[PDB]
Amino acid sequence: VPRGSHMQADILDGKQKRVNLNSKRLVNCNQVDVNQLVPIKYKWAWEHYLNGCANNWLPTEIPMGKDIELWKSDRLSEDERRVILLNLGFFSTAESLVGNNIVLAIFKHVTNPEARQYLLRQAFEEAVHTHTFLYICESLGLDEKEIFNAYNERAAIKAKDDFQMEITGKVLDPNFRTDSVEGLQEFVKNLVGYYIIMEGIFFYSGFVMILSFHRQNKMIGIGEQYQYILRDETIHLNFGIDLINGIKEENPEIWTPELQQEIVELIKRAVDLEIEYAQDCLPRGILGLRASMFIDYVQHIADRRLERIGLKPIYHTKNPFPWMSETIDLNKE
């Protein structure tokens, strides 16, 4: 390289602020400069970021003409409409709950620039997901306030989001810190609540309901949007699992039998709430969909989430939706 290809320092004291890769930590890292991306330590976080960036899509790119025609017709049963409406109601605000939590709760305490890069991509993706639900409401001529207010008006939805508020913990409190054992444990419970429970269990169950319509060639515009959402959420979940496991590895003292058991109990509570939600969606069942299938499915996926964070499966049920894993394989990171 030619002469003059280096920045010359005129503050010699400042070279000390260059970041030692091995000093970097996922949480509680105040000893190095968090504003400098380099050198990247958590290559897994950066890879998630690059993968997410390659997945750009917008709901407005997906035509809704056939969906509008079907929705406005008399072809759908009231029970079919009920599944769609309840799913829209729950997702319309749940995306914002997730996005707001990334920004208002998680970001401050993930003291690492490459992980934060991913968080910014994820949060933007949640904004895209929120746009999706606005777009669907406007396209089909739904009462947008009725749909977006569903979590205040439908008990089985409220129950899930009230639980979400509970497991959010005090992470939003101005006094909240992660530099105690109890504090970092509370933080990890928040991560489990959002990545494992909301994104990894509540959302996957909604995906089955909606994609079951897509597979029947009903509401294929909504279906396609949900396929893109599933592709994003696959990465959200993978990142969250990696982050939880990373925090555990770097802070083994938090991973007590007590914390482990509580995480199991939260997942159990999520499973029960999602089953009750599925029953509210499907009081009689529709073509290809019964509540009993969600009992097995929700238990199955909960076992898969438990395994990924080093906990034993507890339900041992089989997956009644083998095709979900087919589209999951196609939408794999």
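The first residue of the sequence shown is number 1, and the count goes up from there. Each form is matched to the other, and the largest set of C-alpha atoms that superpose within 1.5 Å is called the rigid core.
Rigid core fits of the other structures in 4 other deposited structures of this protein place the C-alpha atoms of one stretch farther away on average; of 134-142 and 165-173, that stretch is 165-173. Across the two stretches, 204-212 and 240-248, the PDB entry reports the greater mean Cα temperature factor for 204-212.
Stretches compared: 307-315, 14-22. Higher mean C-alpha B-factor in the entry: 14-22. In the PDB entry, the Cα temperature factor peaks, among 50, 291, 27, 271, at 291. When the C-alpha B-factors of 186, 162, 232, 78 are ranked from the entry, the top spot goes to 78.
Per the PDB record, residue ranking by Cα B-factor puts residue 91 in the lowest third of the chain.
Per the deposited record, the Cα B-factor of residue 224 falls in the middle third when ranked against the other modelled residues of its chain. Per the deposited record, the Cα B-factor of residue 217 falls in the highest third when ranked against the other modelled residues of its chain. The entry lists a Cα temperature factor for residue 101 that places it in the lowest third of the chain's modelled residues.
In this PDB entry, the Cα temperature factor of residue 255 sits in the top third of its chain's modelled residues, the highest group.
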